[PDB]
Amino acid sequence: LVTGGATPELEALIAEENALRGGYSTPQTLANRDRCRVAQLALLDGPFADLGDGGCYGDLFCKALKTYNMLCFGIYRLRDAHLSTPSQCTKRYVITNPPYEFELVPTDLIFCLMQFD
Amino acid sequence: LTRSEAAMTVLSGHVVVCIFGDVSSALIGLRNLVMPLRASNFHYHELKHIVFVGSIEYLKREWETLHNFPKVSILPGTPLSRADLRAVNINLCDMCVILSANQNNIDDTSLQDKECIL
């Protein structure tokens, strides 16, 4: 998840020469790119904006998974979003695997796994 | 011999001496190894080529004693690097001698042959 899909064959190729060697593109080589990446998506301007205003997190998860094959596993939420008074602190904290009934706010980020396009 | 020209040169039935040495490392007497290999009772066609794989900074300290021998080559590199070993035709050599040229290492005794074992 964290290194970028390091593979034993790539390990051996590095170990042989202690460097990365360039390679001409081939269909099997170009098919190695099709793997997920970690990203953060905003709920302000997007297809999921309708779910931003008080919608359930589970609905967002299911919709993203069905439509874009996008796996959402966490919420990056403003620290003072729960407070009634407005604040200038832009610090956000992490919520891991929110339940189905969790309520979203428009000022949230979603941890997602994006399929290559 | 750089990697490319060492690969271009063909080495068969030779001797590869892999040494782990630095500028401040103790001087093992490499003449005591090459000299018995050039003993004048071997015909000149029977002499074995000797290629030293190691730091050139270390081998500069001993070339003043090794420069008077017929066929000696040096490949600046590391004995633990497979690129140099493949460039020097390690699979075609008559002998590979892995020397602990950094014998002056003072540590736990068992961790004194770590480089040779690796």
# chains A, B, ... in the order shown; residues from 1 in each chain; ligands from 1
call {"tool": "closest_atom_pairs", "arguments": {"of": "chain B", "to": "chain A", "cutoff": "12 Å", "atoms": "only C-alpha atoms", "output": "Markdown table"}}
result
| residue | atom | partner | partner_atom | distance |
| --- | --- | --- | --- | --- |
| B:78 | CA | A:17 | CA | 11.9 |
| B:80 | CA | A:16 | CA | 10.5 |
| B:81 | CA | A:17 | CA | 7.4 |
| B:82 | CA | A:16 | CA | 5.8 |
| B:83 | CA | A:17 | CA | 5.8 |
| B:84 | CA | A:17 | CA | 9.3 |
| B:85 | CA | A:16 | CA | 10.5 |
| B:86 | CA | A:16 | CA | 9.8 |
| B:87 | CA | A:17 | CA | 11.5 |
call {"tool": "write_last_selection", "arguments": {"atoms": "N, CA, C and O atoms", "output": "PDB file, in the first residue's frame"}}
result
ATOM      1  N   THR B  78      33.402  -2.577  -6.317  1.00  0.00           N
ATOM      2  CA  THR B  78      33.100  -3.222  -5.053  1.00  0.00           C
ATOM      3  C   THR B  78      32.931  -4.720  -5.263  1.00  0.00           C
ATOM      4  O   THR B  78      32.248  -5.145  -6.202  1.00  0.00           O
ATOM      5  N   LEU B  80      31.097  -6.641  -3.649  1.00  0.00           N
ATOM      6  CA  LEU B  80      29.715  -7.001  -3.370  1.00  0.00           C
ATOM      7  C   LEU B  80      28.753  -6.554  -4.461  1.00  0.00           C
ATOM      8  O   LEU B  80      27.544  -6.758  -4.321  1.00  0.00           O
ATOM      9  N   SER B  81      29.253  -5.956  -5.538  1.00  0.00           N
ATOM     10  CA  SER B  81      28.421  -5.483  -6.635  1.00  0.00           C
ATOM     11  C   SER B  81      28.437  -6.514  -7.754  1.00  0.00           C
ATOM     12  O   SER B  81      29.501  -6.829  -8.298  1.00  0.00           O
ATOM     13  N   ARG B  82      27.256  -7.036  -8.097  1.00  0.00           N
ATOM     14  CA  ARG B  82      27.158  -8.054  -9.134  1.00  0.00           C
ATOM     15  C   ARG B  82      27.539  -7.529 -10.512  1.00  0.00           C
ATOM     16  O   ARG B  82      27.945  -8.319 -11.369  1.00  0.00           O
ATOM     17  N   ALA B  83      27.418  -6.219 -10.743  1.00  0.00           N
ATOM     18  CA  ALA B  83      27.790  -5.659 -12.038  1.00  0.00           C
ATOM     19  C   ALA B  83      29.276  -5.847 -12.311  1.00  0.00           C
ATOM     20  O   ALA B  83      29.670  -6.280 -13.401  1.00  0.00           O
ATOM     21  N   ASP B  84      30.122  -5.532 -11.326  1.00  0.00           N
ATOM     22  CA  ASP B  84      31.560  -5.721 -11.498  1.00  0.00           C
ATOM     23  C   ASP B  84      31.917  -7.196 -11.626  1.00  0.00           C
ATOM     24  O   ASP B  84      32.769  -7.564 -12.439  1.00  0.00           O
ATOM     25  N   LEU B  85      31.278  -8.052 -10.826  1.00  0.00           N
ATOM     26  CA  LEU B  85      31.578  -9.479 -10.882  1.00  0.00           C
ATOM     27  C   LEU B  85      31.216 -10.068 -12.238  1.00  0.00           C
ATOM     28  O   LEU B  85      31.949 -10.908 -12.774  1.00  0.00           O
ATOM     29  N   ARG B  86      30.086  -9.648 -12.808  1.00  0.00           N
ATOM     30  CA  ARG B  86      29.722 -10.114 -14.140  1.00  0.00           C
ATOM     31  C   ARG B  86      30.610  -9.498 -15.212  1.00  0.00           C
ATOM     32  O   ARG B  86      30.884 -10.139 -16.233  1.00  0.00           O
ATOM     33  N   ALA B  87      31.065  -8.259 -15.004  1.00  0.00           N
ATOM     34  CA  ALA B  87      31.938  -7.619 -15.982  1.00  0.00           C
ATOM     35  C   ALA B  87      33.299  -8.299 -16.058  1.00  0.00           C
ATOM     36  O   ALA B  87      33.918  -8.320 -17.127  1.00  0.00           O
TER      37      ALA B  87
END
call {"tool": "residues_around", "arguments": {"residues": "residue B:72", "least_positions_apart": "2", "cutoff": "10 Å", "atoms": "only C-alpha atoms", "output": "CSV table (one decimal) with N, CA, C and O atoms, in the first residue's frame"}}
result
chain,number,residue,atom,x,y,z
B,15,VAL,N,42.4,-15.2,-12.6
B,15,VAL,CA,42.2,-15.1,-11.1
B,15,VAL,C,41.6,-13.8,-10.8
B,15,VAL,O,42.1,-12.7,-11.3
B,34,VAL,N,50.8,-12.1,-5.6
B,34,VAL,CA,51.1,-12.1,-7.1
B,34,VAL,C,52.4,-12.8,-7.4
B,34,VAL,O,52.6,-13.5,-8.3
B,48,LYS,N,48.5,-16.9,-15.3
B,48,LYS,CA,47.1,-16.6,-15.1
B,48,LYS,C,46.9,-15.1,-14.9
B,48,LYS,O,47.6,-14.5,-14.1
B,49,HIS,N,46.0,-14.5,-15.6
B,49,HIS,CA,45.6,-13.1,-15.5
B,49,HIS,C,45.0,-12.9,-14.1
B,49,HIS,O,44.2,-13.6,-13.6
B,50,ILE,N,45.5,-11.8,-13.4
B,50,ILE,CA,45.0,-11.4,-12.1
B,50,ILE,C,44.3,-10.1,-12.2
B,50,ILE,O,44.9,-9.1,-12.6
B,51,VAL,N,43.0,-10.1,-11.8
B,51,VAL,CA,42.2,-8.8,-11.8
B,51,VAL,C,41.8,-8.5,-10.4
B,51,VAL,O,41.2,-9.3,-9.7
B,52,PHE,N,42.2,-7.3,-10.0
B,52,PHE,CA,41.9,-6.8,-8.6
B,52,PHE,C,40.6,-6.0,-8.6
B,52,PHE,O,40.5,-5.0,-9.3
B,66,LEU,N,53.5,-3.6,-7.1
B,66,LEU,CA,52.9,-4.5,-8.0
B,66,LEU,C,53.1,-4.2,-9.5
B,66,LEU,O,52.7,-5.0,-10.4
B,67,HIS,N,53.7,-3.0,-9.8
B,67,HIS,CA,53.8,-2.6,-11.2
B,67,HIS,C,54.8,-3.4,-12.0
B,67,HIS,O,54.8,-3.2,-13.2
B,68,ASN,N,55.6,-4.2,-11.4
B,68,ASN,CA,56.7,-4.9,-12.1
B,68,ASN,C,56.3,-6.4,-12.4
B,68,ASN,O,57.1,-7.3,-12.4
B,69,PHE,N,55.0,-6.6,-12.7
B,69,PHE,CA,54.5,-7.9,-13.0
B,69,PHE,C,53.8,-8.0,-14.4
B,69,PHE,O,53.2,-7.0,-14.8
B,70,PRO,N,53.9,-9.1,-15.1
B,70,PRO,CA,53.5,-9.1,-16.6
B,70,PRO,C,52.1,-8.7,-16.8
B,70,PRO,O,51.8,-7.7,-17.5
B,74,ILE,N,43.2,-4.0,-13.0
B,74,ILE,CA,42.4,-3.5,-11.9
B,74,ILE,C,41.1,-3.0,-12.4
B,74,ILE,O,41.0,-2.3,-13.4
call {"tool": "residues_around", "arguments": {"residues": "residue A:101", "least_positions_apart": "3", "cutoff": "7 Å", "atoms": "only C-alpha atoms", "output": "PyMOL selection string"}}
result
chain A and resi 56-58
call {"tool": "write_last_selection", "arguments": {"atoms": "N, CA and C atoms", "output": "PDB file, in the first residue's frame"}}
result
ATOM      1  N   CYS A  56     -25.495  10.404   4.512  1.00  0.00           N
ATOM      2  CA  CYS A  56     -24.830   9.294   5.176  1.00  0.00           C
ATOM      3  C   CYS A  56     -23.518   8.954   4.476  1.00  0.00           C
ATOM      4  N   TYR A  57     -22.523   8.566   5.276  1.00  0.00           N
ATOM      5  CA  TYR A  57     -21.246   8.145   4.709  1.00  0.00           C
ATOM      6  C   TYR A  57     -21.392   6.844   3.929  1.00  0.00           C
ATOM      7  N   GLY A  58     -22.249   5.938   4.408  1.00  0.00           N
ATOM      8  CA  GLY A  58     -22.435   4.672   3.717  1.00  0.00           C
ATOM      9  C   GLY A  58     -22.997   4.842   2.320  1.00  0.00           C
TER      10      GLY A  58
END
call {"tool": "residues_around", "arguments": {"residues": "residue A:114", "least_positions_apart": "4", "cutoff": "10 Å", "atoms": "only C-alpha atoms", "output": "ChimeraX atom specification"}}
result
/A:35-41,68-72
call {"tool": "write_last_selection", "arguments": {"atoms": "N, CA and C atoms", "output": "tab-separated table (two decimals), in the first residue's frame"}}
result
chain	number	residue	atom	x	y	z
A	35	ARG	N	-3.35	0.12	-11.46
A	35	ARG	CA	-3.49	-0.22	-10.05
A	35	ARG	C	-3.95	1.02	-9.30
A	36	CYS	N	-4.54	0.79	-8.13
A	36	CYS	CA	-5.13	1.87	-7.36
A	36	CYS	C	-4.06	2.78	-6.77
A	37	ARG	N	-4.47	4.01	-6.46
A	37	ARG	CA	-3.62	5.00	-5.82
A	37	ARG	C	-4.38	5.65	-4.68
A	38	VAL	N	-3.65	6.13	-3.68
A	38	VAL	CA	-4.27	6.81	-2.55
A	38	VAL	C	-4.51	8.27	-2.92
A	39	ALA	N	-5.69	8.78	-2.60
A	39	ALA	CA	-6.02	10.16	-2.92
A	39	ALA	C	-7.02	10.69	-1.90
A	40	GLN	N	-7.16	12.02	-1.89
A	40	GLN	CA	-8.16	12.70	-1.08
A	40	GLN	C	-9.10	13.46	-2.01
A	41	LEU	N	-10.40	13.23	-1.86
A	41	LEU	CA	-11.39	13.88	-2.70
A	41	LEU	C	-12.25	14.82	-1.86
A	68	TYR	N	-17.48	4.41	-9.71
A	68	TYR	CA	-16.10	4.62	-10.12
A	68	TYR	C	-15.16	3.55	-9.61
A	69	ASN	N	-15.68	2.51	-8.96
A	69	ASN	CA	-14.85	1.49	-8.30
A	69	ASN	C	-13.87	2.16	-7.34
A	70	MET	N	-14.39	3.10	-6.56
A	70	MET	CA	-13.60	3.93	-5.67
A	70	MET	C	-13.88	3.50	-4.23
A	71	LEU	N	-12.82	3.12	-3.51
A	71	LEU	CA	-12.95	2.61	-2.15
A	71	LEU	C	-12.64	3.73	-1.17
A	72	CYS	N	-13.62	4.09	-0.36
A	72	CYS	CA	-13.47	5.14	0.65
A	72	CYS	C	-13.30	4.48	2.01
call {"tool": "closest_residue", "arguments": {"among": "A:5, A:27, A:22, A:47", "to": "residue A:63", "atoms": "only C-alpha atoms"}}
result
A:47
call {"tool": "select_by_dssp", "arguments": {"residues": "chain B", "states": "strand (DSSP E)", "output": "short mmCIF file (atom, residue, chain, number, x, y, z; two decimals) with C-alpha atoms, in the first residue's frame"}}
result
data_model
loop_
_atom_site.label_atom_id
_atom_site.label_comp_id
_atom_site.auth_asym_id
_atom_site.auth_seq_id
_atom_site.Cartn_x
_atom_site.Cartn_y
_atom_site.Cartn_z
CA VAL B 15 42.23 -15.12 -11.10
CA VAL B 16 39.88 -12.56 -9.55
CA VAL B 17 41.04 -11.02 -6.26
CA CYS B 18 38.21 -9.20 -4.46
CA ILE B 19 39.63 -6.88 -1.80
CA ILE B 50 45.03 -11.41 -12.11
CA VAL B 51 42.23 -8.84 -11.83
CA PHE B 52 41.91 -6.84 -8.61
CA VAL B 53 38.35 -5.79 -7.76
CA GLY B 54 38.30 -3.14 -5.07
CA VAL B 72 47.78 -7.51 -13.79
CA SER B 73 44.53 -5.59 -14.26
CA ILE B 74 42.44 -3.48 -11.89
CA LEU B 75 38.67 -2.91 -11.96
CA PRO B 76 37.76 -0.10 -9.54
CA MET B 95 39.95 -18.87 -8.84
CA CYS B 96 38.21 -16.12 -6.88
CA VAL B 97 40.09 -14.96 -3.78
CA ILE B 98 38.00 -12.91 -1.35
CA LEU B 99 40.50 -11.12 0.89
#
